[PDB]
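So this one's input10.cif, mmCIF, C-alpha atoms:
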data_query
loop_
_atom_site.group_PDB
_atom_site.id
_atom_site.type_symbol
_atom_site.label_atom_id
_atom_site.label_comp_id
_atom_site.auth_asym_id
_atom_site.auth_seq_id
_atom_site.Cartn_x
_atom_site.Cartn_y
_atom_site.Cartn_z
ATOM 1 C CA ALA Q 1 -23.999 0.080 -7.543
ATOM 2 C CA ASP Q 2 -22.421 1.308 -4.304
ATOM 3 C CA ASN Q 3 -19.400 3.487 -4.993
ATOM 4 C CA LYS Q 4 -16.786 3.302 -2.266
ATOM 5 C CA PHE Q 5 -13.354 4.448 -3.437
ATOM 6 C CA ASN Q 6 -12.162 6.185 -6.604
ATOM 7 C CA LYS Q 7 -8.799 7.939 -6.447
ATOM 8 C CA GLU Q 8 -7.992 6.437 -3.044
ATOM 9 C CA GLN Q 9 -6.943 3.247 -4.848
ATOM 10 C CA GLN Q 10 -4.376 5.111 -6.923
ATOM 11 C CA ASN Q 11 -3.240 7.088 -3.883
ATOM 12 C CA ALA Q 12 -2.766 3.855 -1.953
ATOM 13 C CA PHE Q 13 -0.706 2.501 -4.834
ATOM 14 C CA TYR Q 14 1.442 5.643 -4.773
ATOM 15 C CA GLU Q 15 1.886 5.460 -0.997
ATOM 16 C CA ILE Q 16 3.008 1.822 -1.101
ATOM 17 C CA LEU Q 17 5.530 2.609 -3.838
ATOM 18 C CA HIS Q 18 6.614 5.802 -2.064
ATOM 19 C CA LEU Q 19 7.579 3.826 1.049
ATOM 20 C CA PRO Q 20 11.411 4.024 1.010
ATOM 21 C CA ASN Q 21 12.093 1.266 3.533
ATOM 22 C CA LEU Q 22 9.615 -1.168 2.036
ATOM 23 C CA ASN Q 23 11.383 -4.281 0.742
ATOM 24 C CA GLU Q 24 10.980 -4.833 -3.015
ATOM 25 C CA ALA Q 25 9.489 -8.302 -2.440
ATOM 26 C CA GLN Q 26 6.992 -6.879 0.050
ATOM 27 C CA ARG Q 27 6.047 -3.999 -2.243
ATOM 28 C CA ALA Q 28 5.530 -6.482 -5.096
ATOM 29 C CA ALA Q 29 3.249 -8.465 -2.784
ATOM 30 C CA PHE Q 30 1.218 -5.433 -1.670
ATOM 31 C CA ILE Q 31 0.807 -4.240 -5.264
ATOM 32 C CA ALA Q 32 -0.230 -7.757 -6.325
ATOM 33 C CA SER Q 33 -2.806 -7.847 -3.521
ATOM 34 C CA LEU Q 34 -4.028 -4.332 -4.317
ATOM 35 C CA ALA Q 35 -4.518 -5.237 -7.999
ATOM 36 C CA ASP Q 36 -6.202 -8.408 -6.725
ATOM 37 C CA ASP Q 37 -8.583 -6.534 -4.427
ATOM 38 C CA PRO Q 38 -8.385 -2.704 -4.238
ATOM 39 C CA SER Q 39 -10.675 -2.948 -1.214
ATOM 40 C CA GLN Q 40 -7.621 -4.125 0.747
ATOM 41 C CA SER Q 41 -5.811 -0.880 -0.117
ATOM 42 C CA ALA Q 42 -6.076 0.624 3.383
ATOM 43 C CA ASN Q 43 -5.007 -2.588 5.112
ATOM 44 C CA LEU Q 44 -2.203 -3.064 2.611
ATOM 45 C CA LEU Q 45 -1.153 0.507 3.321
ATOM 46 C CA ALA Q 46 -1.254 -0.208 7.033
ATOM 47 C CA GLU Q 47 0.907 -3.326 6.821
ATOM 48 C CA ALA Q 48 3.240 -1.763 4.263
ATOM 49 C CA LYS Q 49 3.722 1.299 6.458
ATOM 50 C CA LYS Q 50 4.227 -0.937 9.491
ATOM 51 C CA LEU Q 51 6.885 -2.916 7.652
ATOM 52 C CA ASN Q 52 8.353 0.316 6.296
ATOM 53 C CA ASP Q 53 8.482 1.568 9.876
ATOM 54 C CA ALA Q 54 10.098 -1.653 11.064
ATOM 55 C CA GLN Q 55 12.648 -1.604 8.246
ATOM 56 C CA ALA Q 56 13.398 2.045 8.956
ATOM 57 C CA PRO Q 57 16.973 3.020 9.961
ATOM 58 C CA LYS Q 58 16.263 3.346 13.670
#
Can you dump the structure from the file as structure tokens?
Amino acid sequence: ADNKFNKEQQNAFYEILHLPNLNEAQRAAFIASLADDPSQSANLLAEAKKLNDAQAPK
């Protein structure tokens, strides 16, 4: 009925996997949640990027 996101899902997937500082376990979780509900993609991206930022060599 109401289309919301198309390629953004796949982009989100890519972004989460592209995060270099993202812990494997965490990435696995975010992917699992994204596959579970692709509508969480942006929030998963947010948290993943936050964690990637936190786990960055600062």
Quick one: distance from atom CA of residue 57 of chain Q to atom CA of residue 8 of chain Q in Å, one decimal?
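For atom CA of residue 57 of chain Q relative to atom CA of residue 8 of chain Q, the distance reads 28.4 Å.
Nearest-residue note for residue 13 of chain Q: choosing from Q:51, Q:41, Q:1, Q:46, the minimum distance belongs to Q:41, counting all atoms listed in the file.
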Write out as number ranges by chain the residues lying within 12 Å of residue 50 of chain Q, counting all atoms listed in the file and excluding same-chain residues fewer than 5 positions away.
Q: 16, 19, 21-23, 26, 43-45, 55-56
May I have the residues from that selection written out with C-alpha atoms, as a PDB file, in the frame of the given file?
ATOM      1  CA  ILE Q  16       3.008   1.822  -1.101  1.00  0.00           C
ATOM      2  CA  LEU Q  19       7.579   3.826   1.049  1.00  0.00           C
ATOM      3  CA  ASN Q  21      12.093   1.266   3.533  1.00  0.00           C
ATOM      4  CA  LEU Q  22       9.615  -1.168   2.036  1.00  0.00           C
ATOM      5  CA  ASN Q  23      11.383  -4.281   0.742  1.00  0.00           C
ATOM      6  CA  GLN Q  26       6.992  -6.879   0.050  1.00  0.00           C
ATOM      7  CA  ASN Q  43      -5.007  -2.588   5.112  1.00  0.00           C
ATOM      8  CA  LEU Q  44      -2.203  -3.064   2.611  1.00  0.00           C
ATOM      9  CA  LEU Q  45      -1.153   0.507   3.321  1.00  0.00           C
ATOM     10  CA  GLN Q  55      12.648  -1.604   8.246  1.00  0.00           C
ATOM     11  CA  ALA Q  56      13.398   2.045   8.956  1.00  0.00           C
TER      12      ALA Q  56
END
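What separates atom CA of residue 54 of chain Q from atom CA of residue 29 of chain Q is a distance of 16.9 Å.
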Using atom CA of residue 9 of chain Q and atom CA of residue 38 of chain Q as the two end points, give the distance in Å to one decimal.
6.2 Å
Might I get the box with edges along x, y and z of the file that holds all atoms of segment 29-34 of chain Q listed there, padded by 3 Å on every side, given as centre and edge lengths in Å to one decimal, as lines of an AutoDock Vina configuration file?
center_x = -0.4
center_y = -6.4
center_z = -4.0
size_x = 13.3
size_y = 10.2
size_z = 10.7
Nearest to residue 24 of chain Q, chosen from Q:58, Q:52, Q:5, Q:11, with all atoms listed in the file counted in the distances:
Q:52
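Ranking Q:18, Q:53, Q:25, Q:12 by their shortest atom-to-atom distance to residue 39 of chain Q, with all atoms listed in the file included, puts Q:12 first.
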Could I get segment 19-44 of chain Q rebuilt with N, CA, C and O atoms, written as an mmCIF file, keeping the file's coordinate frame?
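Saved file out.cif follows:
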data_model
loop_
_atom_site.group_PDB
_atom_site.id
_atom_site.type_symbol
_atom_site.label_atom_id
_atom_site.label_comp_id
_atom_site.auth_asym_id
_atom_site.auth_seq_id
_atom_site.Cartn_x
_atom_site.Cartn_y
_atom_site.Cartn_z
ATOM 1 N N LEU Q 19 6.931 4.323 -0.161
ATOM 2 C CA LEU Q 19 7.579 3.826 1.049
ATOM 3 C C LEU Q 19 9.025 3.426 0.761
ATOM 4 O O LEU Q 19 9.279 2.450 0.051
ATOM 5 N N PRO Q 20 9.985 4.179 1.322
ATOM 6 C CA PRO Q 20 11.411 4.024 1.010
ATOM 7 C C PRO Q 20 12.052 2.799 1.656
ATOM 8 O O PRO Q 20 13.046 2.273 1.155
ATOM 9 N N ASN Q 21 11.490 2.347 2.763
ATOM 10 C CA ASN Q 21 12.093 1.266 3.533
ATOM 11 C C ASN Q 21 11.417 -0.056 3.219
ATOM 12 O O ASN Q 21 11.826 -1.107 3.711
ATOM 13 N N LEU Q 22 10.381 0.008 2.400
ATOM 14 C CA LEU Q 22 9.615 -1.168 2.036
ATOM 15 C C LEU Q 22 10.424 -2.062 1.100
ATOM 16 O O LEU Q 22 10.862 -1.626 0.033
ATOM 17 N N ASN Q 23 10.637 -3.301 1.528
ATOM 18 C CA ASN Q 23 11.383 -4.281 0.742
ATOM 19 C C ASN Q 23 10.704 -4.510 -0.606
ATOM 20 O O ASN Q 23 9.474 -4.548 -0.679
ATOM 21 N N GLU Q 24 11.502 -4.647 -1.663
ATOM 22 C CA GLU Q 24 10.980 -4.833 -3.015
ATOM 23 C C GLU Q 24 9.958 -5.966 -3.054
ATOM 24 O O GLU Q 24 8.854 -5.796 -3.573
ATOM 25 N N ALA Q 25 10.336 -7.103 -2.470
ATOM 26 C CA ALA Q 25 9.489 -8.302 -2.440
ATOM 27 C C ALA Q 25 8.133 -7.963 -1.808
ATOM 28 O O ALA Q 25 7.069 -8.318 -2.332
ATOM 29 N N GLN Q 26 8.188 -7.260 -0.684
ATOM 30 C CA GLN Q 26 6.992 -6.879 0.050
ATOM 31 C C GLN Q 26 6.129 -5.932 -0.774
ATOM 32 O O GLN Q 26 4.916 -6.106 -0.853
ATOM 33 N N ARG Q 27 6.761 -4.945 -1.398
ATOM 34 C CA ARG Q 27 6.047 -3.999 -2.243
ATOM 35 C C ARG Q 27 5.346 -4.732 -3.380
ATOM 36 O O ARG Q 27 4.177 -4.476 -3.661
ATOM 37 N N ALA Q 28 6.071 -5.659 -4.008
ATOM 38 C CA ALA Q 28 5.530 -6.482 -5.096
ATOM 39 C C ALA Q 28 4.276 -7.207 -4.601
ATOM 40 O O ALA Q 28 3.256 -7.261 -5.296
ATOM 41 N N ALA Q 29 4.365 -7.755 -3.393
ATOM 42 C CA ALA Q 29 3.249 -8.465 -2.784
ATOM 43 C C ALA Q 29 2.050 -7.542 -2.569
ATOM 44 O O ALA Q 29 0.929 -7.867 -2.965
ATOM 45 N N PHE Q 30 2.291 -6.383 -1.958
ATOM 46 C CA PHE Q 30 1.218 -5.433 -1.670
ATOM 47 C C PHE Q 30 0.552 -4.938 -2.950
ATOM 48 O O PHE Q 30 -0.671 -4.829 -3.010
ATOM 49 N N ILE Q 31 1.351 -4.652 -3.974
ATOM 50 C CA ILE Q 31 0.807 -4.240 -5.264
ATOM 51 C C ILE Q 31 -0.050 -5.354 -5.851
ATOM 52 O O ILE Q 31 -1.166 -5.109 -6.310
ATOM 53 N N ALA Q 32 0.475 -6.580 -5.808
ATOM 54 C CA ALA Q 32 -0.230 -7.757 -6.325
ATOM 55 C C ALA Q 32 -1.590 -7.887 -5.627
ATOM 56 O O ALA Q 32 -2.616 -8.126 -6.271
ATOM 57 N N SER Q 33 -1.590 -7.721 -4.309
ATOM 58 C CA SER Q 33 -2.806 -7.847 -3.521
ATOM 59 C C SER Q 33 -3.765 -6.690 -3.793
ATOM 60 O O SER Q 33 -4.980 -6.870 -3.781
ATOM 61 N N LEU Q 34 -3.214 -5.508 -4.042
ATOM 62 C CA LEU Q 34 -4.028 -4.332 -4.317
ATOM 63 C C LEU Q 34 -4.724 -4.488 -5.665
ATOM 64 O O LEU Q 34 -5.913 -4.209 -5.788
ATOM 65 N N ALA Q 35 -3.970 -4.948 -6.665
ATOM 66 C CA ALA Q 35 -4.518 -5.237 -7.999
ATOM 67 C C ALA Q 35 -5.558 -6.355 -7.874
ATOM 68 O O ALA Q 35 -6.573 -6.364 -8.575
ATOM 69 N N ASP Q 36 -5.288 -7.300 -6.976
ATOM 70 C CA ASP Q 36 -6.202 -8.408 -6.725
ATOM 71 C C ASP Q 36 -7.514 -7.899 -6.135
ATOM 72 O O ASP Q 36 -8.594 -8.195 -6.651
ATOM 73 N N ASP Q 37 -7.413 -7.122 -5.066
ATOM 74 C CA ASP Q 37 -8.583 -6.534 -4.427
ATOM 75 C C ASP Q 37 -8.256 -5.148 -3.884
ATOM 76 O O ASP Q 37 -7.667 -5.010 -2.810
ATOM 77 N N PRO Q 38 -8.627 -4.099 -4.631
ATOM 78 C CA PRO Q 38 -8.385 -2.704 -4.238
ATOM 79 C C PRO Q 38 -9.076 -2.326 -2.930
ATOM 80 O O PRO Q 38 -8.797 -1.277 -2.350
ATOM 81 N N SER Q 39 -9.973 -3.182 -2.465
ATOM 82 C CA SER Q 39 -10.675 -2.948 -1.214
ATOM 83 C C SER Q 39 -9.744 -3.204 -0.028
ATOM 84 O O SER Q 39 -10.034 -2.806 1.099
ATOM 85 N N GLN Q 40 -8.615 -3.860 -0.288
ATOM 86 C CA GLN Q 40 -7.621 -4.125 0.747
ATOM 87 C C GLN Q 40 -6.626 -2.975 0.862
ATOM 88 O O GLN Q 40 -5.746 -3.003 1.717
ATOM 89 N N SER Q 41 -6.784 -1.967 0.007
ATOM 90 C CA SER Q 41 -5.811 -0.880 -0.117
ATOM 91 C C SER Q 41 -5.399 -0.286 1.233
ATOM 92 O O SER Q 41 -4.213 -0.112 1.493
ATOM 93 N N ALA Q 42 -6.368 -0.002 2.096
ATOM 94 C CA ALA Q 42 -6.076 0.624 3.383
ATOM 95 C C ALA Q 42 -5.306 -0.321 4.299
ATOM 96 O O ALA Q 42 -4.389 0.097 5.009
ATOM 97 N N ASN Q 43 -5.669 -1.595 4.273
ATOM 98 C CA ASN Q 43 -5.007 -2.588 5.112
ATOM 99 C C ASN Q 43 -3.617 -2.891 4.578
ATOM 100 O O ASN Q 43 -2.679 -3.125 5.343
ATOM 101 N N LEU Q 44 -3.490 -2.869 3.257
ATOM 102 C CA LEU Q 44 -2.203 -3.064 2.611
ATOM 103 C C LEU Q 44 -1.294 -1.894 2.937
ATOM 104 O O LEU Q 44 -0.114 -2.075 3.217
#
